[PDB]
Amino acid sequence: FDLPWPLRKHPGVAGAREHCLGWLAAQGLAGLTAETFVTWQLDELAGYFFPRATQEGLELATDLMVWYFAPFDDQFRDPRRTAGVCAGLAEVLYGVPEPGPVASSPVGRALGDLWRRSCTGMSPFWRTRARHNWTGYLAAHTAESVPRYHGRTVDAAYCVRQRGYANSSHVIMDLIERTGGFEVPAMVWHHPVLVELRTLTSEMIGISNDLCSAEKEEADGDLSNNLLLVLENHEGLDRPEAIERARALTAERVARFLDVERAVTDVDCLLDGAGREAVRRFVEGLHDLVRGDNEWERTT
């Protein structure tokens, strides 16, 4: 998939990898969790995602990436159980004093470390919004664990929207600020222009995620919620046609992104110099998420 933005990569990946291996050990997640870390190039992923982060920020993002792929994904199947695991993790984020088994397990305690560090230096506006976004992601992850289109009418745009709504980029997008040492003011963070840029970012990454994981989950057939399998079942396409449809949906969303991006100036009229710089760095960060995901999938 072609993309119009330049690829950038953090030069501190090697230091972040060393930090992350020690952290996996400290957090009791270390067994081929480290092997999955290095061979899946999750330190490279973090370096593509946040190529302008502080070193501390890159290290936080690297820890979060390995947490997503090894201990979080390892927890996942039936809907009540996945709903309970996601609810227990959510409890970690709210500092619920009565910690269920999930919060006390390594994946839960590690999430607690990640969230404590994520909150460092961020205003209560950011903390509330990021907590809400984590909760929405965990709920949506539960929703996507059950077949949603078996014997139902659904168009490609609805499917893409669901996969974007469920995509982990919604959590990751909040870390552009945190890893870069700035914060978008809450009154402009919720501006509809920025909302739609975030929606598009998450949909393009969801399409990419689904494209690269379709062959693995092809066994699910019409019980899959993966966009490619859904297209094969609800548009009757074969796999090549499904790929070209995915490339088309991606291209449609790139064009929409450039168009909506033209209205970011609407946001600047309520901002001093620093707020304008924050918005610029945030929007550039969304470029890096899409382009970085693209490059990581390519090189992996």
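Numbers follow the displayed sequence, beginning with 1.
Novice: Going by the record, give me the number of deposited-sequence residues missing between residue 76 and residue 77 as none, 1 to 3, 4 to 9, or 10 or more.
Specialist: Gap size class: 4 to 9 residues without coordinates, per the record.
Novice: Quick one: classify how much of the deposited chain lacks coordinates between residue 270 and residue 271, choosing none, 1 to 3, 4 to 9, or 10 or more.
Specialist: Gap size class: none, per the record.
Novice: Taking only the CA atoms, which stretch has the higher mean B-factor in the record, 39 to 47 or 58 to 66?
Specialist: Comparing averages over the C-alpha atoms only gives 39 to 47.
Novice: Comparing average C-alpha B factors as deposited, tell me which of 161 to 169 and 192 to 200 sits higher.
Specialist: Higher mean C-alpha B-factor in the PDB entry: 161 to 169.
Novice: Going by the deposited entry, which of 259, 238, 252, 266 has the highest CA temperature factor?
Specialist: So the option with the highest C-alpha B-factor is 238.
Novice: Which one of 134, 149, 94, 115 shows the biggest C-alpha B-factor in the PDB entry?
Specialist: Answer, based on the entry's C-alpha B-factors: 149.
Novice: Please place residue 105 in the lowest, middle or highest third of its chain by C-alpha B factor as given in the entry.
Specialist: Middle third of the chain for residue 105's C-alpha B-factor.
Novice: Among all modelled residues of this chain, ranked by Cα B factor, put residue 124 in the bottom, middle or top third, i.e. lowest, middle or highest.
Specialist: Residue 124: CA B-factor falls in the lowest third of its chain.
Novice: Should residue 222 be placed in the lowest, middle or highest third of its chain by the C-alpha B factor in the entry?
Specialist: Answer is highest: the recorded C-alpha B-factor places it there.
Novice: Among all modelled residues of this chain, ranked by Cα B factor, put residue 141 in the bottom, middle or top third, i.e. lowest, middle or highest.
Specialist: CA B-factor rank for residue 141: middle third.
Novice: Sort the modelled residues of this chain by their C-alpha B factor and say whether residue 248 lands in the lowest, middle or highest third.
Specialist: Tercile = middle for this residue's CA B-factor.
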